[PDB]
Amino acid sequence: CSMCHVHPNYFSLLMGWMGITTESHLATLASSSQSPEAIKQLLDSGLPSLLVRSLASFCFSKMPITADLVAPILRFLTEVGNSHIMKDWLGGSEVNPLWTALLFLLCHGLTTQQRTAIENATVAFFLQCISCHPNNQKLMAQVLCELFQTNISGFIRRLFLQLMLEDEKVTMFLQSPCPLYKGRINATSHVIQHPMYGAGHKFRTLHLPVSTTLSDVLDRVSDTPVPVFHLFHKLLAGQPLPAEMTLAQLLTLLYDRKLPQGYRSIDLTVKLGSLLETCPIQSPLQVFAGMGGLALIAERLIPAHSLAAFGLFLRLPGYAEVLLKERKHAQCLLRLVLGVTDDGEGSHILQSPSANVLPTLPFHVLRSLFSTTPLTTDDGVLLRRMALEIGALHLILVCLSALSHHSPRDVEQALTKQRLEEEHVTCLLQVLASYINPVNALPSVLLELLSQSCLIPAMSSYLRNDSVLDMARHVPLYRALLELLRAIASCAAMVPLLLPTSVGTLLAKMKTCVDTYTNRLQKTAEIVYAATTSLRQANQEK
Amino acid sequence: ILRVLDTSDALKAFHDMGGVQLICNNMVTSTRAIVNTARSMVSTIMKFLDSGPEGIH
Amino acid sequence: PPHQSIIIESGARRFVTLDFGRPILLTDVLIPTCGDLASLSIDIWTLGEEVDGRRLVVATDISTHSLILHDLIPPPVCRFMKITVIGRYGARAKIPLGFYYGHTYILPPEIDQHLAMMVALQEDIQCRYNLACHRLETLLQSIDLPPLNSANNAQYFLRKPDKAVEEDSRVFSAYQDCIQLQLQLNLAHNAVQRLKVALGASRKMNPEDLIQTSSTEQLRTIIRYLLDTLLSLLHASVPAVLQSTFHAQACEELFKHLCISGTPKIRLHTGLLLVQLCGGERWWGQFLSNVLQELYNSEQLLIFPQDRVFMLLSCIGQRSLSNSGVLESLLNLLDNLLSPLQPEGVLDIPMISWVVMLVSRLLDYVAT
Amino acid sequence: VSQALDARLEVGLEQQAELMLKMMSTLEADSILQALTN
Amino acid sequence: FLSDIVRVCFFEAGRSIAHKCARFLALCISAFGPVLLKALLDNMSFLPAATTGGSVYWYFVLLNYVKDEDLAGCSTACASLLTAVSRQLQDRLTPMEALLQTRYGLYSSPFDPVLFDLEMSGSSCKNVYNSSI
Amino acid sequence: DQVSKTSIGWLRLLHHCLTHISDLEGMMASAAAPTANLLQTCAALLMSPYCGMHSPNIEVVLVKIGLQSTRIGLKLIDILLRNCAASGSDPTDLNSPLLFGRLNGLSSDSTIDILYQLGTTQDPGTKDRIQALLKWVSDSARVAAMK
């Protein structure tokens, strides 16, 4: 490859020797054709047509192709797809059928080993093509959606789990005027890369996830960490890169610095001696969900109730935008509901550090969606219609009945169960409050489904007790209850659920009791109670 | 000895007296008369056989 | 897979009763050795202690021989399993409750609805299998293995660096996950095949294109059983046609094919068979010299567990030391390897180390 | 091994040859072990 | 037609049926010895194309018991089959398997979908799942 | 001590002489190269387990000595690539150096760094060094046609 890079005509001599103008021939051609200027000469003779026509003909079931030969040629396309010039062409018009063709092969003499090799090669090829090229993301999303439209199992689920639902790794090439000793061993180790990366103690190549930061890179490349290390780039000349910047921000900055998209590696100079608010770039899952493909997945489909609630909530339009704010939690929930126990990166979702937030997360994100979706526009009314059609309220009421033991008309383990049940009840009440008040909107089934349900009996049971210290500790629970009552009072059309023991009378009774206690001698709870008392008094006469 | 040769004048005088050839000759001769006492393949293979013929026992 | 312990409560005669919660067609019972015992009795009963109470087997030598019951024919449907243990009367003791295997779904739910709710599970576990395979590939394709031809590599092997230990652990975890899930997928496919046969569908129906289409694990199992039968037949004996079949260019290829890359069991058994058959031949010994000169040569690029085959060679040589040709051939090899310093080749130190330690082992053994 | 045979007298028994199977298995195992010891 | 009997009994069938057929042969043991040895020797060439790994244990036990009938032809055919199979197995090696069994010593290549047998303290378990108690 | 047990103290003295003051450095190099078997001894000390001084210092010494001329550079290339034993060494003397006991052409990160430093330093004689490297590559390719 280096020899061909020095002498362009040697590449033509190589191709003539090849006979174009087996596995060994193909691999040698792939490796030797990596020069920035020899690649265009390779592409102009026999590169596209033969391979694309052959693979298309094989898919439909033109040089003859056997089952065994399919994998090596696709591996060749994988290996040559490193330069940006090649990667752009892979998204061209004539290559568009290819992807769909492969799906037709993998969605239905192909032995087990042959099928496994073909599917692994196709997954690798698609992952490489979609690595860091935003332009190809739209094409891939369109292909996936048109396959979906015209439950899920088989190779398609595997592709969804691999290409999506996981973070992306990128290659960084670090060079410094001083040697880098960390990460090396005294034993022999044959590591071979492209000659452009060089050899010695002054160069390093790291294939690492984009979620890391610059401090992680410095720790992984140098053991030394005002003597510090500054990472420079040619495009951002003279500007030291803060260590707190993430790789996503790096990619966004370089891409807005007219760097060719999908370029093979990011170059940094590690010298020895306004950008913190840069927005990260969009993940492939974000691009796919931008067009609304997650709802199709939801409709096309270990606490069973929580998973069922999450799956039902996924059907609502606009759920994806709110849910994908936290990539890790969203992907963990999607993998868990997809029937996979672990993310495949070496950890179990049950063992994830965010395990305490997962059980209540669907309710919190649904409440956020309710608060962030105004009812003035048609989006609100369509969301209400869809929610009533799919019976999300029915499931919420069933869960409330099961948890509160109010049928519609180990000691330590018991304590843990009651505490988590209280938290679940608080979350459900907050969700209902946000549903009723976002800050012909009244369904016909509403003002009737709430009646005879567990809502009124549950509120009556919770507010019936009127001591001053036994239940004064449940500040967040009563804050949520009073917020729900305020939301009830906000909507006039459903107020008569309160008007005819009495909510207002005994509520004012505890208000007077706490006022007398204050006069004779938790502030947030009492002031919220006073505000709810005032609002209930105002809505009581109206 | 390193502390003695800490200055330019000392190093120049040491070079003039021909010490730099002396140390190289000494290194070459002394490497011939020493056997490495570190462990090697033989110890590894004896360990692989699981047994054989302040850290003390 | 299950995992159980006894937290019930050994100076008292004891009994235990277990309920499966459902009539389960038990077809395999195994128990480990129970040293602190004198007798053990078995009771099988589904609904009553006298309506259908039965006993399977009673044995008194469980402490000496662990009770292994491979299969029950005909298989009796059961739900209540009682084991009465009679310890030796002459502190607390733990007695593992063995292993039990059987079938849960009974056919003449009841309808052939399983074909709809097994195939989905088979496809799901197959997808997980593909995921595990890809994960193992992408994890273990970025590792190396230093050759043992220098002091640096030797000290690397003596004391593993900190960076390699975590990679070893992660690869081990991925490997065990992959093999377990492979087992699950194979079991699901087997169950689907059984159900397909039950409805009346028939099972699947020249050596060339038959040998090269078989499964590798089947090949390993059949070779193991076949060679074990050969060894037993030879021990029960003096074959002569068998001696005619095995000769030069036939033993070398067999040793290279099986002992190099086989399992430890087949490696050891093949070595013993070779030493028993061609122990007293004239060409023997030179064969060992050539094998050592080829495998452990500094020009070899093949990868294999050098230590294990070295121990196998040592063990074979100890048994074959009688013919006096093996030691002569080894000494000739050692003499040849040391030629350069006598009077433009150089010294192959690692090869010399290998051969000299082998000769030292042999000379120690012959000293008695 | 272990001389533990399931209750087969009640039904038409094959135990008279199942025991022979057990003895043959034990004999083969002992022959293999003595081959290994040589 | 003992040859076809063995062919349909120990091959192209399940585990319990093979166990019952071995039971029947053992009962029929007590002139039959050499005849059954010839039949099993003829059927040995067809052994590699069997179906279940648990269906050969009783078969090989029977061959081990009846090997006393003759020692010449059986050994010759057995060695021929061993020689024929040995080469084929080697050709299926891949670098990953060798690396795994050298650096870590982990055999039984986990990249093959097909398995053939299982074991637990001398018991053959196949075509049946484990009881989850 | 490791200094008392091995021959590494002289190497530390040489490293100090070469690298303590950069002004006199060239002079010292001119006095060190003409000694016999020095490069072979330094290379042998480089590819051994840590015995008292780290690899980078040995690399620095080897690079600094091997660049003061052009014949020395070719000798160092031959030492690193094709033959690393002593020069004019007959085992019949019992007093001449004999650096057997190490295979030829072993690659380690230190060797790669030294080769990279030698190859890509712009000075007179660099053309000869590139010629020697390409000649070694050509010889290795040619010897592969042994059948």
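Residues numbered from 1 in each chain as written, not as in the entry; some residues may be left out. Chains lettered and ligands numbered in written order. Part of a larger assembly, values for the part shown. Heavy atoms only, no water. Residues with missing side-chain atoms left out of burial classes, pairs and counts.

Per the deposited record, determination of this structure is attributed to cryo-EM, with the resolution reported as 3.3 Å.

We now examine the overall build of chain E. When you go through chain E residue by residue, the secondary structure sums to six helices and zero strands. Reading the helices (α) and strands (β) of chain E from amino to carboxyl end gives α-α-α-α-α-α. Here the C-alpha radius of gyration of chain E, 18 Å, is well above what a compact globule of 133 residues would show, namely 14 Å. Counting only C-alpha atoms, chain E reaches 55 × 45 × 25 Å along its principal axes. Scored against the burial criterion, the 133 residues of chain E give a buried share of 51%. Accessible surface computed for chain E: about 6100 Å², of which carbon and sulfur atoms make up 62%. Considering chain E, the positive charge centre built from 10 side chains and the negative charge centre built from 11 side chains are found 6 Å apart. (Helix = DSSP H or I, 4+ residues; strand = E, 2+ residues; numbered from the N terminus. Rg over C-alpha atoms; globule rule 2.2 N^0.38 Å. Buried < 20%, exposed > 50% of the residue type's maximum accessible area, 1.4 Å probe, protein only. Areas by Shrake-Rupley, 256 points an atom, 1.4 Å probe, with all protein chains shown as cover. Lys, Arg positive; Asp, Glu negative; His and termini not counted. Charge placed at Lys NZ, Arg CZ, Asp CG, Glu CD.)

Secondary structure summary: chain C contains 11 helices and six strands in total. Along the first, second and third principal axes, the C-alpha atoms of chain C reach 95 × 55 × 55 Å. By the burial criterion, 43% of the 368 residues in chain C qualify as buried. Of the roughly 20300 Å² that chain C leaves accessible, carbon and sulfur atoms contribute 57%.

Moving on, we come to the interface of chain A and chain C. In this assembly, 17 residues from chain A lie in contact with 15 residues from chain C. Of the roughly 1500 Å² buried where chain A meets chain C, counting both sides, 53% is carbon and sulfur surface. Where chain A meets chain C, there are two salt bridges. Where C:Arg135 meets A:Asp342, a salt bridge forms, and the shortest distance between an N and an O atom there is 3.5 Å. Put simply, chain A and chain C have five residue pairs in polar contact between them. Looking at the side of chain A that touches chain C, the elements with two or more residues in it are α9 (112–129) and α11 (155–163) of chain A. Class assignment of the residues belonging to the side of chain A that touches chain C gives a composition of two nonpolar, 10 polar and five charged. (Contact = heavy atoms within 4.5 Å. Buried area = accessible area lost by both parts, 1.4 Å probe. Salt bridge = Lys/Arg side-chain N within 4 Å of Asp/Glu carboxyl O. Polar contact = N/O pair within 3.5 Å; in protein donor to acceptor, adjacent residues only side chain to side chain. Nonpolar A, V, L, I, M, F, W, Y, C, P; charged D, E, K, R; others polar.)

Glancing now at unusual backbone geometry. Between C:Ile73 and the following residue, C:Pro74, the backbone shows a cis peptide bond with an omega angle of -5°. Take C:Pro74: it is sitting in the loop between β4 (68–69) and β5 (77–86). Of note in this structure, A:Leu165 is not a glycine but carries a positive phi near 65°. Within the secondary structure layout, A:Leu165 lies in the loop between α11 and β1 (169–175). For A:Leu447, which is not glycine, the phi dihedral falls at a positive 70°. With respect to the helices and strands, the residue A:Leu447 is situated in the loop between α22 (411–436) and α23 (455–464). In this structure A:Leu447 comes out as partly exposed when scored by relative accessible area, which is 31%.

We now examine the interface of chain E and chain C. Contacts between chain E and chain C engage 61 residues on the former and 74 residues on the latter. Of the roughly 7200 Å² buried between chain E and chain C on both sides combined, carbon and sulfur atoms contribute 67%. For the pair chain E and chain C, the interface holds zero salt bridges. Counting residues per element, the ones that place at least two in the side of chain E that touches chain C are α2 (15–29), α4 (57–66), α5 (73–90) and α6 (95–104) of chain E. Per-element tally for the side of chain E that touches chain C: the top contributor is α5(E), with 12 residues. Among the residues forming the side of chain E that touches chain C, the class breakdown is 33 nonpolar, 18 polar and 10 charged.

No other pair of the nine pairs of chains in contact has as many contacts as chains C and E. In this view chain E stays clear of chain F, with the nearest C-alpha atoms of the two still 20 Å from each other.

All names here are of chain A. Closest axis-to-axis distance for the α23/helix α24 (residues 475–490) pair is 12 Å, and the angle between their directions is 135°. Accordingly, the angle class assigned to the pair α23 and α24 is oblique. For α23 against α24, the interelement crossing comes out left-handed. For the pair α23 and α24, contact is made by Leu 455, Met 459, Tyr 462 and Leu 463 and by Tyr 478, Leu 481, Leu 484, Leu 485 and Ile 488, respectively. Classifying every residue of the contact of α23 with α24 by side-chain character gives nine nonpolar, no polar and no charged. (Axes fitted to C-alpha atoms, helices over the stretch in contact; angles between N-to-C directions. Parallel < 35°, antiparallel > 145°, perpendicular 65-115°, else oblique. Left-handed = near helix turned anticlockwise from the far one by under 90°.)

Interaxial distance between helix α4 (residues 216–236) of chain C and α5(E) falls to 10 Å at its minimum, and their mutual angle equals 145°. Once α4(C) is placed against α5(E), the crossing between them reads as left-handed. Contacts between α4(C) and α5(E) pair C:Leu219, C:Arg220, C:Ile223, C:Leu226, C:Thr229, C:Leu230 and C:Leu233 from the former with E:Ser75, E:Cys78, E:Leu81, E:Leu82, E:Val85, E:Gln88 and E:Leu89 from the latter. The residue inventory of the contact of α4(C) with α5(E), partitioned by class, reads 10 nonpolar, three polar and one charged.

We now examine helix α11 (residues 349–366) of chain C. For the α-helix, the turn length of 3.6 residues means that residues three or four positions removed from each other point alike. With 18 residues, α11(C) ought to run about 26 Å at 1.5 Å a step, and its terminal C-alpha atoms sit 26 Å apart, in line with that. For α11(C), every residue scored as buried is listed here: C:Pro350, C:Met351, C:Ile352, C:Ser353, C:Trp354, C:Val355, C:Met357, C:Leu358, C:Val359 and C:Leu362. (Expected span 1.5 Å × (residues − 1).)

Take the nonpolar core next. All names here are of chain A. Membership of the largest hydrophobic core comes to 115 residues, with the highest contact counts inside it found for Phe 11, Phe 76, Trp 99, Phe 125, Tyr 319 and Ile 488. No other element matches the nine residues that α22 contributes to this core. Beyond its immediate sequence surroundings of up to four residues, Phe 76 is in contact with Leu 26, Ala 30, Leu 47 and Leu 51. (Core = buried A, V, L, I, M, F, W, Y, C linked by side-chain atoms within 4.5 Å.)

All right, on to the environment of F:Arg12 then. Residues and elements named next belong to chain F. Tracing the backbone shows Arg 12 in helix α1 (residues 9–19). Placed 46 residues apart in sequence, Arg 12 and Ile 58 show a C-alpha to C-alpha distance of 8.8 Å. Once residues lying within four places of it in the same chain are set aside, the contact partners of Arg 12 are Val 3, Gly 52 and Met 53.

Let us look at the pattern of salt bridges. Per the counting criterion, the structure on display carries 20 salt bridges over all chains. In this structure, C:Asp307 engages C:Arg308 in a salt bridge whose closest nitrogen and oxygen atoms are separated by 3.9 Å. In this structure, a network of salt bridges that share partners links the residues F:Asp78, F:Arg82, F:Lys135 and F:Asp139.

Bringing the sheet that holds strand β2 (residues 203–209) of chain A into the picture now. All names here are of chain A. Read from one edge of the open sheet, four strands run β2-β1-β4-β3, paired in mixed fashion. Every other strand in the sheet has two partners, leaving β2 and β3 (229–232) as the edge strands with one partner each. In this sheet, adjacent strand axes meet at a mean angle of 30° when their direction is disregarded. Across four bridges, the pairing between β1 and strand β4 (residues 266–272) is parallel. Along β4, the bridge assignment pairs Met 172 with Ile 266. (Pairing = 2+ DSSP bridges.)

What follows concerns the packing of aromatic side chains. Tallied over the entire structure, the rule returns 23 aromatic pairs over all chains. Summarising the aromatic geometry, the rings of C:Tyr225 and E:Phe60 are spaced 5.5 Å apart at their centres and angled 15° between planes, so their arrangement reads as stacked. Here the residue C:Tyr225 occupies a position in helix α4, and E:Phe60 occupies one in helix α4, the pair thus bridging two chains. A residue is classified by how much of its surface remains accessible, and E:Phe60, at 7% relative accessible area, is buried. Arranged with centres 5.4 Å apart and planes meeting at 40°, the rings of C:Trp284 and C:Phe287 form a pair that is tilted. Across the pair, exposure class does not vary: C:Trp284 and C:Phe287 are buried alike. Through a chain of ring-to-ring contacts, the aromatic side chains of C:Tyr225, E:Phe10, E:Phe11, E:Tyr59 and E:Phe60 assemble into a single cluster. Cation over ring: A:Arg384 sits above A:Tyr435, and NZ or CZ is 4.1 Å from the ring centre. (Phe/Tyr/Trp six-rings, centres within 6.5 Å; stacked < 30°, edge-to-face > 60°. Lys NZ or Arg CZ within 6 Å of the ring centre and 35° of its normal.)

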